[PDB]
Every structure is written in C-alpha cells, then in structure tokens.
Amino acid sequence: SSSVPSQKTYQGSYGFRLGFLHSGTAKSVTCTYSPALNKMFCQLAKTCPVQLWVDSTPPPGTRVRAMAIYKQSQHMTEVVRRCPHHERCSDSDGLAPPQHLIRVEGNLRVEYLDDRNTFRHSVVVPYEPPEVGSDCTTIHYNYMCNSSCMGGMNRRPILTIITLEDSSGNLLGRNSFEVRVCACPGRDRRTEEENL
Amino acid sequence: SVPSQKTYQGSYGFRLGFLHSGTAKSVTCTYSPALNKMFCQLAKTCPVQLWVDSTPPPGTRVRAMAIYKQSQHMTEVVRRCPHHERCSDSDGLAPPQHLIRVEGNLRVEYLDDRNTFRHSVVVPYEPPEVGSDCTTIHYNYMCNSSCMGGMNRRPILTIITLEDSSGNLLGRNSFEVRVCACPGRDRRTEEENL
Amino acid sequence: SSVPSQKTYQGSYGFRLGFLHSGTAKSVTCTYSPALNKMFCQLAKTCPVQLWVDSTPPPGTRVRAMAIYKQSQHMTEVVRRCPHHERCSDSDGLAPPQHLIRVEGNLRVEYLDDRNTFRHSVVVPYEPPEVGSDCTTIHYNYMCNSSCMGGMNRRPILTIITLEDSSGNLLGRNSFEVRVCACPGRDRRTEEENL
DNA sequence: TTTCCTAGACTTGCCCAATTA
DNA sequence: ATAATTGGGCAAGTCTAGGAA
Ligand SMILES: [Zn+2]
Ligand SMILES: [Zn+2]
Ligand SMILES: [Zn+2]
C-alpha cells in the first residue's frame, strides 16, 4: 500500500520513553494528558510540555523530531496540516512555516522541514540533557489548529510521533501519543475517560 | 483530446488478470468478474496482472489512466479532489494531482499531457520471471469514488495500455473501478443488484 | 449571412447528427428529445454531438456551429451571452467571452465573428470517426441559460451545424433546438407531455 | 421559468462490538 | 491480555419524486 510514516514504539539503545505532566482535568487546564487513552488534550496555541526520558545520554548532535499523522488507516496518506483559515492567520512566531500544525516553543535552535519527497511536515530541535537536578528533558510544543477545524483535521484523531535521531538522521528511538486540540482540555479528557 | 476504452488484445494477446480476493467486509482489493469491476480502498494495494500470449519487444511500457464511465463526463480529466490534492503526500515521484499511483516501482513515470492535460502513470513492461506466467503491477487509488469535488461519486474506468518506447499502441484493456471503504460489502451488493 | 438558412441538407456526404441516450432525470445534465428535436442541457456542461456521414469528407473540411433565435420576430438579432455572463466566462484561452457556444476538448477550435454580420461561430476541423467508430463526436458547451434576462431572455434558439470546405462553401447542414436550463430532464419530460 | 420546500430511500463512510490468532 | 480483522449497524449526507407557491 502507499507507504506512510512509521509509528511503532522503539525505545532504542538509550531507553527512550516519553513523559508528561500530570495536570488533572480541572477547568483551568491548558494541556492535560490521559494515560489510559495515551492522549494529550490541549488548547490551541498554548504550551504543551513533553518529557524525554532516556536511560543513558544520547550521543552529541542528537535531534528530537515531532510529526503528526492521522491515526486512522483510511487517512494516513493525508498530510496533517493547518486548515486554510489557520495557515492564513497572522500567528507567526517568526520561525514556523504557516502550514505546520506543530511548533516548538522557546527554542531558537528549532528547525522545520517540508519533506521534499513525502510532502510531510515536522519540527526538530537539538536534543538537550536534563537540566541538572532534573530527571528528564522538556520540550514545549504548541498545536496551531483545532481538531474540529473543518477543512483541517476535521474531528479526526491525530498522533504525534516523537523520534530520536542522530545528527545524520538515523533512528535512535521513537514514541507516540494521540492528541486533541480543543477549547476545553479538562472537560474533554474527563468525558473520553468517562467512556473508559 | 479524449481516449478510448476499446480492447486491443493486440498482436501480443494482452489480457488482464485479477486475484481471487474474497468478499469480507472491507477487503482491501476485490475484483468482480461479472461486473468487471475492481473494488478497493484508498491507498491500498490493487494488484493487476499482465498476461500476454507472446512477449512484446523491449521498450514496451505499460500505462494506466482513468476516465469517467459516463458519456458526458468522459471529457472531464479525472483527478484528485481538491482536499486530498491539497493535503497530498507523495513518495518522491507521485504528483499530488494524480489519482492512480504505482506502488513499489522505482521506475515509474508520471504524466500530465500538455495537450489533454490527461494524467497517467507508466511503468516499463517487465516480462514474467522464468517459471512465471504473468507480470504484476501494483496500483493505488488516492481518492474514494465518492470524493466530492473529485470523483464526486461517478464511475471511472482504468484503461491499461501496452505501448512501445515510441508510444505506439500495442495493446489495450480496461476495468471499471470503485474506490470505497468496505470493498467487500459493496461488491456483494452491487452483485445482489445483478 | 442576415439570418442563415436552417434547412436540413445532408448534401454529398450524407451528413447527419447523432445524440446520446439519457432519460428525463434531474441528474441528467444534457438530454436530447427526438420527438421535439430539441436538446436540453444546463449551463456550462457537456453537449456531445454525433457527426455521422455516409461519405468521408476530404481533409480540410470543417464543422461550424452557430446559434440563431427560433422565432422570426427575433431572428435577425445576434445570439450573444448576457452582459453579466460575458464578464467572467473566458476560461479556455480560445473562447472569447461573448460567444454563447464553445466546444471543449479540441486544441484546434477557431472562433469567428462575422465582421459584417456580427454572428458568432465556433469552427472545428472535420475528423473521421474513431478507428472502430461509425461517428465523430464534438463536445459543445452552451455558455448562458436560455433564461439570461439581457441574454436569450426565455427565447428559443437553434444551433446550426454545418459541414463546410476549407473555403467555407457549404457541404451539409443540420440543426436542432437547445434549451439551456435548471435540471433539464423534467423540461423535456414535460415538453413531451403537453404533446 | 426558478425556487422551494416536504419528506423517504438510498449511498456511504466509519463506529463499535465481537472475535480471531 | 493484546492487536488485527470482521460484520452489524448507523447516520450524515445525497439525490428522488412531487407538488406550490
Ligand atoms: Zn484550523
Ligand atoms: Zn479525495
Ligand atoms: Zn447569461
């Protein structure tokens, strides 16, 4: 079938695991993750921290890349991108390309790719060790379009694929989580878990 | 211009074969002998077998192209719907406007005829391997038949054309195709139909 | 011309017109009524016309189409698109915006405008029927609804299809009525019923 | 001559639930 | 448990006949 980006979990030689903040579902939450759903709920354009767990430190030049792909097989060949309303928004942080759904916050070494071959979008940052006195590395992502954006994701489930790659682009590890960009993360999360 | 869906089992005796898929609900690809219709899912493998009576010369290429089955619509270049085209992906070769792609063939070529604009994918004709009887080409349909803005629910014909390095028609065949979710349930049904 | 003749003349080549076969469905964009010898269709769509012949007209031959009002009282007036429709429909670099009738799918179209009669025509080159075919098909588009106030204004038109030579001398001639509308099928179904 | 409707019955993707191995 | 595959069914969306202003 038409090839699509790989999404299988691979801890790699460095024991790469992804972590998240345990925010709860109170009405004030801006980003909340559901361990039972392996799903992150976040608000549009707000901080979403993502934790990198490693058992041994990766080599130097190590990069961390994120990519969104549709969860369903029937839509996997579709490149996740912002709806037209959104790409057209003046919401540029000056670094990200207007069509990318995923941005990286507060990292001037942030890099964006428009795959020449697959048309696929992604954001990379250099991998940093955990801030001394720290257990893991944190990355602040932002999702720039809502799940409900007709014309975009349109209510379809998206996965965020986090890849650990050497300076040459080789795969060192991969992990993933589902994401839902919506107005009320606490409410939505509670509910979807309410279903189980 | 415009292209024919006229069989030309030619001087080589060109014929197409299809696998025996089964009718589960949602089978990936399935062909209906009675209907002469392929029923497949978007982006899934659509195997099409090439059978000749005699090996064609070298330079021979295989071409696929779609057309609307219906009279009026035959003039409308068949292509991907706006949405899918906009959010298209690719494999390093396939252009975003093409509906039909060829899977696993680093030698594939994609054409958008400058004088018809008509789109097509052509691969070299490879004689079957020693001990084989036919040669398979795997195709993928990038939009469902019901893609509003595209297929808009209208029937298409896939026309395979054997041709020489020159571009001369050496052979011709066709099949209709229905890209849908659930090719299984839909073939039964359209059979129940008779 | 001031009002070209619309008389049928198969002439030396056994020139005939053919038409597709669809019923009165709403989903039927274009439809020909043999009884009414009228063709209904809807704005901007495909109108397939079958060019039958008994004798193969020589290379260079041409097929010109022209619309004329049907009523005598309207005959001398040129059929043109309304001013509205005229300020947009110009897609397909060959078709001038005023022309009501266009042909699609032919690199060689040639638009006319009698400089002395102002009548608009779409010319094409005669072409033999497809290898295993018994007729050549032309794809016609009718650029305005017969409704266009300021355009056809509910007035019936006739399309005269002529076979001519490189010089433009007439060879054969047919014609038929066209009703550009809203979901054509019914109109025929009905047009055929008062009958 | 268009424009509304009123539904009903399909068309058709995709949910969910059972079920395989 | 655990993922993949499947079949039941559904409901958003389509076009219908059809009468009406
Ligand atoms: Zn959006
Ligand atoms: Zn599509
Ligand atoms: Zn008009």
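Just so it is clear, the values below take in all heavy atoms, side chains as well, and ignore hydrogens, waters and symmetry mates. We count ligands from 1, going down the list as the structure has it; atoms in each ligand are counted the same way. Letters A, B, ... mirror the listed sequences (proteins, then strands); counts begin at 1.
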When you compare the side chain of A/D114 with that of A/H121, does any pair of heavy atoms fall below 4.5 Å?
yes
Enumerate the protein N/O/S atoms at a distance below 2.8 Å from the Zn ion (ligand 3), ignoring waters.
C/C82 SG, C/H85 ND1, C/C144 SG, C/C148 SG
Short question: side chain of C/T159, backbone of C/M66 - any donor-acceptor pair under 3.5 Å?
no
For C/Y142, what residues pass the ring pair (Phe, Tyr, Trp, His ring centres under 6.0 Å) criterion, not counting sequence neighbours?
none
Who are the side-chain hydrogen bond (donor to acceptor under 3.5 Å, both in side chains) partners of B/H83, not counting sequence neighbours?
A/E78
Considering only NZ, NE, NH1 and NH2 on the basic side and carboxylate oxygens on the acidic side, decide whether C/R81 and C/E86 come within less than 4.0 Å.
no
In chain order, what residues pass the ring pair (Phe, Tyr, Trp, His ring centres under 6.0 Å) check against A/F177, with sequence neighbours excluded?
A/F20
